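So the structure is just underneath, and the comments pick up after that.
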Amino acid sequence: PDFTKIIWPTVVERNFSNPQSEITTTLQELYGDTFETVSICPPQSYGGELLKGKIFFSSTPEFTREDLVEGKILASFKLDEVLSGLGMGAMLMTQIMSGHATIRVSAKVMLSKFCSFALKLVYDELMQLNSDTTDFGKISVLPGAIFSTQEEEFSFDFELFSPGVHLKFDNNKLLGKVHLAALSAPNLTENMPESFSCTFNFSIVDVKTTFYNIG
Amino acid sequence: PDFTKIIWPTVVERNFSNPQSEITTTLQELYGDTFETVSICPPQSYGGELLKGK
Amino acid sequence: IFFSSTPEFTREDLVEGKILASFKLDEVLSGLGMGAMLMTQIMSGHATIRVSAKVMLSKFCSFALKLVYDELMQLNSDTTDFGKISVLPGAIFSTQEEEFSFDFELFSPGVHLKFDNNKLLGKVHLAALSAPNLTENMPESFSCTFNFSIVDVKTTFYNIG
Amino acid sequence: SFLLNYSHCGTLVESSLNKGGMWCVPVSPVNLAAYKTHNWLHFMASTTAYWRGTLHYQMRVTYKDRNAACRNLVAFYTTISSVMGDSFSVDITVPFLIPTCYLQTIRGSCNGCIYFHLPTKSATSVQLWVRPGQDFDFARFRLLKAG
Amino acid sequence: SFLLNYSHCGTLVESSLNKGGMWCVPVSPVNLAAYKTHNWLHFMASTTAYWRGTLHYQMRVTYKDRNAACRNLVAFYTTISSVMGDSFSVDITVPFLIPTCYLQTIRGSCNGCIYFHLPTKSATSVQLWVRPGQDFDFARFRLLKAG
Amino acid sequence: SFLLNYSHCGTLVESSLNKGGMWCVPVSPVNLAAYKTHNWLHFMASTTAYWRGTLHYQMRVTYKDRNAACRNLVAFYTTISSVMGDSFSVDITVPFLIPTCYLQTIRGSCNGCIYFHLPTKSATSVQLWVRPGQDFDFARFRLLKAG
Amino acid sequence: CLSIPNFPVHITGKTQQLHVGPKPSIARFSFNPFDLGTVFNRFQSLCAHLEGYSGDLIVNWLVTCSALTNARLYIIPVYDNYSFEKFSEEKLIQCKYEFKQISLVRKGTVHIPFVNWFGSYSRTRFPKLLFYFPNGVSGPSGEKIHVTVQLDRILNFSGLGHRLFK
Amino acid sequence: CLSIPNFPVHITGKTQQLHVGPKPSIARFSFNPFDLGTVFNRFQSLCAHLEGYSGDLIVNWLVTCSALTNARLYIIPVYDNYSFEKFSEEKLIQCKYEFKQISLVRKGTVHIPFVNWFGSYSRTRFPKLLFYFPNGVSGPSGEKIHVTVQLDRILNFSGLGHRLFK
Amino acid sequence: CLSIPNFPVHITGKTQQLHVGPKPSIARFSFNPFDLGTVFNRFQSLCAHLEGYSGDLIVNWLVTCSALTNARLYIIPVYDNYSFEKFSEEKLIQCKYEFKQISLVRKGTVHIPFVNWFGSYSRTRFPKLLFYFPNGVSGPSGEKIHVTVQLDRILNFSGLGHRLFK
């Protein structure tokens, strides 16, 4: 043993070794040490993991004939409202305070066999389009797809993005904004209905809860 | 799951996943989706490929 | 479990017969929790409900309590009768070493039980049978936990908007 | 990470040039100095919502004459440590040292800050050039006006 | 050994600067010049009782003009040998050359001494930066006030 | 060959400094200029009778100002060939080019001679540092006074 | 050159009207992502510095009409930036082009393989997709059919060059 | 990033009083080693220059009471820096939390797995451990129970960043 | 650090007298090759620049007396530079030291293993070899015995440091 002892740099110092602890003045059954692991458990009878694959939100807004110019926003949905509504699907979702959620959205317009127009269903992720936008420069480039509103019912999935590893839901007014945009005037415009009805169904494709709300 | 998650830089973002499309108000035989590939086909009865060698 | 409260009662309310805590079943089934809001969606059906009581005491004091199910709601919370307490369906239990629970079925005159706008589902009470063990230099108030659970539920009609 | 070489990030205004010296620059692909898109890195940052990756900065200084290059330039970094260059330039590579996954570009924060010790006398210009590294990433879309 | 780059150890006071030259510095992670914690290396040394490892020193000099850099700087070490740098800086790596296992940091000695040959005329500043090497070690705990 | 770095062999006297230039130095671990032990290499050579091995010489020059460094220094060797350095130093490695096995150190000859072309004007100092190489050897004992 | 196997861009072209009538009609859709508008599309945000690119295009096309509207549709590629005012139906049937009746097939996806004489697409070199109705469109008393396309993605993407950021 | 499999820190939190009574009580213990006091702890002496760290915490908890004192104890983690004033016991029993009677189990070790939305702990992001007594504490005539915790070590430690030494 | 398996030094210490008498006697020999005299020894000629070394010492010891001289000899190592004026023979026999009668064994070789608390020998840290005669020396009427040692060599040599040539 001399100065040529190789030194392995460790952070564990031997100034505190095995801390033994022994019961002295009473019985063990009266004095117990518990070793637990505080992990997050979603509840048993509810929690977003029941909505996995199922619908949790549904609206039916309307839009007029005069709003069917190119680019006009017809219907809008803030994801922070769709996830915090008054239905049973939402109230099970506002209990998740942080986690992951991939959400399916579907649109469906009821039309005659006469009229038929095309609509884009866009996911404005940074909420850069208020509902009073007739741009079409922004509509044409946003992520989404076009579909015909007479013979079809169009749906797609999108993942909620978080800068961190999970996504804090509590007090998060920046979860995205879904829009239905008009690309063109209707097929026929004379002697036609002056308003339409579109159904929106938001579903849960996947949910993970990394922290659950407790009172 | 922490900051040491390895990141694979991809150009495909998950802000638009599988776009399902379903027929609602009519029959399929009345509403079909075609998937084609627009390639260049020389004509059948003429086109320089007949002069090959001649 | 679908419901849980933690009410309190004072030392001076521990006379024989006094009602300590009360619970209307039409409120326990229509509260603000997640367990209740899943239950207010059932408009009619059957429900057998478990109820458990638990009082936190020292090793000095110990008194007995009856946990009664007043089914026709004939005892307001300001009742010190004990004539009514002694005969109501329920059981006695010691509040220091024990945690007492029992099941009861909600009765309907018909075949199912309409839950919507039904303020006649019963009334659970915790009644005091005797003065405390020791009364000098003791806490002036207690804390009792009530946990209502679902033993069985059948839905014969569900609410839709 | 397909931009050819160092793209121009920022020129120091010709009023704060010889007056003493300290030059704070946020480590970001955005032209955060303007709280306008200048080059391709700024363009990619403005058309995306989030970013992570290494940035290679390089400060180039021009003096009145060669005699005015009285020392070699230094560059400090924080989230004080420094790196020393030569008398006419200084390179500094800044890896992603924030323990998150991504940082927001614009309206949807910095990876730190560089502090360039400016010259003190007889300098002509101080420019800063940036290279987007190799393990870079812009993981979203964001609308940017074309006007 | 997780500190990013050269951290600032010590600036030579602007009175002993041009007066001849010799600059004794103890090879230690402690600011032994003060017989106050300055940077992260000093902080780790003050919150530990013992230390061993290699230290990479670097002296940076600033002259009035480039003409005043009349020679390249040298740095001597002892426990006389020297190393020669360039005209504006000099690096010197000092391995653990004491035949012990650890050296005490503060109240519970130096790994040697560097002697920097200071400039003799028309110099502006002389700073010394230190890097904790890679095979470094602080093998104890020690209480340090947070005031 | 366990001496740390370049040890100081010889300083040119400040009278023959600016006067033209030529500087003959024998390639030997001995301070043959004195026909007194100066450093560790001289000490090992004086306490041994014979020596062989490679010697790494390095001449360091200091000028009045940077402008006086009008050329890069050269160093000639013989047993005329030269090596060219930079404007402030010149290294020259001299292997054992005598076809014998050992050379005597002192009273029981040189491995050649270096010729350093001295500066001709406005120089301040000229020093010569030596490194004992790696394949070195001192194969005897010899008594040396300790006074 | 940077290579991207799949590169989604979700750029939708302008929707083009067609009045009903017997006259032969053509709707031209150029596919030039380098073309700028009010907002920069996903293509420009990442690959606008390039001088030219290469890769197969995928286009979702859509024809919105009534249920009592008849037309024959020829979807025709146009490479090397040629201009066709009129088409020879003899030439189209000789090249085995198949027309689709929009009363039966009015939605589709067109794969456009890379074809350019120069070797790449650019600001000036781009493919065109022409929707050619030879018999016009036969609809109910003032109908307009709308043809709308969306550049969905680019398969096997490759790009070169480095332009100046103007 | 530097990685440390086992990193002992032996930091003890402030011991918190609780008077006996029927009112529901909460003792909050934040675990923020970056928090400075009079002396720098073992965590700060070696990893205070970091911007943020990651790793599982091990905490020794201790409840000192009399032998005639009863209470139910819920040890509850709180991540992502949320503030809970009141707890819903229905919610705790739905999440399968188990309470312990301090007259039988009043010593323990809590493993806290790494859970943070941002991706790391920091000066502002840290876990909390809440000792929640729903029925208060029932003790002998003026007793105060004391709850004391000690951050024992950090398992699977990882840390990034380089702050300025202020 | 430089390593030398065998390093001969042939350094002889000063020969120490001992007068005959009944008083207990001690001859101390420090083994400090860094100690300088009139001439530099083989150790200093090659390893005087070192700060400290390590290795086992081999020492040739010799006791020159008459043929009618009796004494018991205890050769005792002393490490870590302690000073012993008197020895407890009880302690030596408890440590199983064996004495030798110089009328039978008065020449030998002592192997000194490396033992130092600091980790190396130096100018100030060196081993000592004490020749302890507990009963004195019994010789013929004015004899002086002479004890002389020579540091023969150093086995498994290792050395570090670089001092200044003063």
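In the structure tokens, each chain is lettered A, B, ... as it comes, each chain's residues begin at 1, and ligands are numbered from 1 in order of appearance.
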Which residues of chain H come within 9 Å of chain D, and what is each one's closest atom pair and distance in Å (one decimal), counting only C-alpha atoms, sorted by chain and residue number, as a tab-separated table?
```
residue	atom	partner	partner_atom	distance
H:1	CA	D:97	CA	8.7
H:51	CA	D:98	CA	7.1
H:52	CA	D:99	CA	6.1
H:53	CA	D:99	CA	7.5
H:54	CA	D:99	CA	8.9
H:118	CA	D:100	CA	5.8
H:119	CA	D:100	CA	5.2
H:120	CA	D:99	CA	6.1
H:121	CA	D:99	CA	8.7
H:159	CA	D:99	CA	7.7
H:160	CA	D:99	CA	5.9
H:161	CA	D:97	CA	4.8
H:162	CA	D:79	CA	5.8
H:163	CA	D:79	CA	5.1
H:164	CA	D:80	CA	5.6
H:165	CA	D:80	CA	6.6
```
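For residue F:84, the residues within 7 Å (counting only C-alpha atoms, excluding itself and residues fewer than 5 positions away along the chain) are residues 72, 73, 74, 75 and 90 of chain F.
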For residue G:87, find every residue with an atom within 10 Å (counting only C-alpha atoms), except residues of its own chain fewer than 3 positions away, and show them as an mmCIF file with N, CA, C and O atoms, in the first residue's frame.
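Contents of out_6.cif, freshly written:
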```cif
data_model
loop_
_atom_site.group_PDB
_atom_site.id
_atom_site.type_symbol
_atom_site.label_atom_id
_atom_site.label_comp_id
_atom_site.auth_asym_id
_atom_site.auth_seq_id
_atom_site.Cartn_x
_atom_site.Cartn_y
_atom_site.Cartn_z
ATOM 1 N N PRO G 24 -65.998 21.689 -74.118
ATOM 2 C CA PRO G 24 -64.954 20.929 -73.422
ATOM 3 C C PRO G 24 -64.204 21.807 -72.435
ATOM 4 O O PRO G 24 -63.819 22.936 -72.748
ATOM 5 N N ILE G 26 -61.285 22.339 -69.122
ATOM 6 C CA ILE G 26 -60.026 21.911 -68.529
ATOM 7 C C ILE G 26 -59.812 22.680 -67.238
ATOM 8 O O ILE G 26 -59.937 23.909 -67.214
ATOM 9 N N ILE G 76 -54.936 14.020 -66.467
ATOM 10 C CA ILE G 76 -53.806 13.951 -67.378
ATOM 11 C C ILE G 76 -52.596 14.618 -66.739
ATOM 12 O O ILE G 76 -52.666 15.790 -66.367
ATOM 13 N N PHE G 84 -51.003 22.740 -72.951
ATOM 14 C CA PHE G 84 -51.988 22.121 -73.825
ATOM 15 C C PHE G 84 -53.294 22.885 -73.700
ATOM 16 O O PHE G 84 -53.880 22.941 -72.616
ATOM 17 N N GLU G 90 -58.473 10.881 -79.441
ATOM 18 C CA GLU G 90 -57.803 9.779 -80.116
ATOM 19 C C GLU G 90 -56.449 9.490 -79.483
ATOM 20 O O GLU G 90 -56.111 8.330 -79.223
ATOM 21 N N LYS G 91 -55.673 10.535 -79.195
ATOM 22 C CA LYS G 91 -54.363 10.340 -78.587
ATOM 23 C C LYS G 91 -54.474 9.801 -77.170
ATOM 24 O O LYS G 91 -53.625 9.014 -76.741
ATOM 25 N N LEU G 92 -55.506 10.210 -76.432
ATOM 26 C CA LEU G 92 -55.667 9.741 -75.061
ATOM 27 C C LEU G 92 -56.084 8.281 -75.022
ATOM 28 O O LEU G 92 -55.632 7.523 -74.159
ATOM 29 N N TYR G 132 -59.663 17.091 -67.461
ATOM 30 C CA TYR G 132 -60.185 17.389 -68.784
ATOM 31 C C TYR G 132 -61.545 16.732 -68.947
ATOM 32 O O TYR G 132 -61.647 15.502 -68.973
ATOM 33 N N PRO G 134 -64.206 16.176 -71.578
ATOM 34 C CA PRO G 134 -64.331 16.348 -73.032
ATOM 35 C C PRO G 134 -65.724 16.748 -73.473
ATOM 36 O O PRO G 134 -65.866 17.509 -74.436
#
```
Need to verify the contact set: residue B:13, 12 Å, only C-alpha atoms, exclusion of same-chain residues closer than 6 positions in sequence. Can you return it as a PyMOL selection string? (chain A and resi 125+143+157-161) or (chain D and resi 48-50+137-141) or (chain G and resi 6-10+42)
Quick check: residues of chain B within 10 Å of chain D, only C-alpha atoms, returned as a PDB file with C-alpha atoms, in the first residue's frame.
```pdb
ATOM      1  CA  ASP B   2     -37.267  12.289 -18.205  1.00  0.00           C
ATOM      2  CA  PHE B   3     -35.147  14.726 -20.218  1.00  0.00           C
ATOM      3  CA  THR B   4     -32.732  11.935 -21.196  1.00  0.00           C
ATOM      4  CA  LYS B   5     -35.348  10.666 -23.652  1.00  0.00           C
ATOM      5  CA  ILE B   6     -33.460  10.181 -26.901  1.00  0.00           C
ATOM      6  CA  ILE B   7     -34.993  12.261 -29.691  1.00  0.00           C
ATOM      7  CA  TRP B   8     -35.061  10.902 -33.238  1.00  0.00           C
ATOM      8  CA  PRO B   9     -35.410  13.890 -35.592  1.00  0.00           C
ATOM      9  CA  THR B  10     -38.222  13.031 -37.995  1.00  0.00           C
ATOM     10  CA  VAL B  11     -40.095  15.290 -40.399  1.00  0.00           C
ATOM     11  CA  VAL B  12     -43.408  13.460 -39.875  1.00  0.00           C
ATOM     12  CA  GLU B  13     -45.389  15.186 -37.131  1.00  0.00           C
ATOM     13  CA  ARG B  14     -48.336  13.570 -35.364  1.00  0.00           C
ATOM     14  CA  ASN B  15     -50.545  16.632 -35.787  1.00  0.00           C
TER      15      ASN B  15
END
```
I'd like a table as a Markdown table: residues in chain A with an atom no more than 10 Å from chain D, each row giving the shortest atom pair and its distance in Å to one decimal, only C-alpha atoms counted, sorted by chain and rising residue number.
```
| residue | atom | partner | partner_atom | distance |
| --- | --- | --- | --- | --- |
| A:124 | CA | D:142 | CA | 8.5 |
| A:125 | CA | D:142 | CA | 7.8 |
| A:126 | CA | D:108 | CA | 6.3 |
| A:127 | CA | D:108 | CA | 9.3 |
| A:128 | CA | D:143 | CA | 7.3 |
| A:129 | CA | D:143 | CA | 9.4 |
| A:137 | CA | D:145 | CA | 9.1 |
| A:138 | CA | D:143 | CA | 7.0 |
| A:139 | CA | D:143 | CA | 9.9 |
| A:141 | CA | D:143 | CA | 8.2 |
| A:142 | CA | D:143 | CA | 7.8 |
| A:143 | CA | D:141 | CA | 8.4 |
| A:161 | CA | D:140 | CA | 8.6 |
| A:162 | CA | D:102 | CA | 8.3 |
| A:163 | CA | D:102 | CA | 4.9 |
| A:164 | CA | D:101 | CA | 5.3 |
| A:165 | CA | D:101 | CA | 6.7 |
| A:174 | CA | D:108 | CA | 8.7 |
```
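Here atom CA of residue E:39 is placed at a distance of 16.7 Å from atom CA of residue H:43.
Using only C-alpha atoms, the shortest contact distance between residue H:153 and any of A:147, A:12, A:190, A:140 is found at A:12.
Every protein, DNA or RNA residue with an atom at most 8 Å from residue I:30, where only C-alpha atoms count and chain neighbours fewer than 3 positions away do not, is listed here: residues 126, 127, 128 and 129 of chain I.
Residue-level contact on chain F: within 6 Å of chain E, counting only C-alpha atoms, the set is residues 5, 6, 7, 62, 63, 65 and 66 of chain F.
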Could you take the residues named above and write them with C-alpha atoms, as an mmCIF file, in the first residue's frame?
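The resulting file, result13.cif, is shown below:
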```
data_model
loop_
_atom_site.group_PDB
_atom_site.id
_atom_site.type_symbol
_atom_site.label_atom_id
_atom_site.label_comp_id
_atom_site.auth_asym_id
_atom_site.auth_seq_id
_atom_site.Cartn_x
_atom_site.Cartn_y
_atom_site.Cartn_z
ATOM 1 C CA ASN F 5 9.434 19.615 -19.170
ATOM 2 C CA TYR F 6 12.099 21.739 -20.827
ATOM 3 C CA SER F 7 14.732 22.648 -18.255
ATOM 4 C CA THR F 62 12.305 37.939 -26.688
ATOM 5 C CA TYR F 63 12.297 41.165 -28.713
ATOM 6 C CA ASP F 65 8.412 44.759 -29.585
ATOM 7 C CA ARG F 66 6.585 42.468 -31.973
#
```
Please identify all residues of chain A having at least one atom at most 12 Å from any atom of chain G, considering only C-alpha atoms, and return them as JSON, numbers by chain. {"A": [69, 70, 71, 111, 112, 113, 114, 115, 116, 117, 118, 119, 120, 121, 122, 123, 128, 135, 136, 137, 138, 139, 140, 141, 142, 143, 144, 145, 146, 147, 148, 149, 150, 151, 152, 181, 182, 183, 184, 185, 186, 187, 188, 189, 190, 191]}
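Nearest to residue B:16 of all the residues A:103, A:110, A:96, A:68 is A:103, counting only C-alpha atoms.
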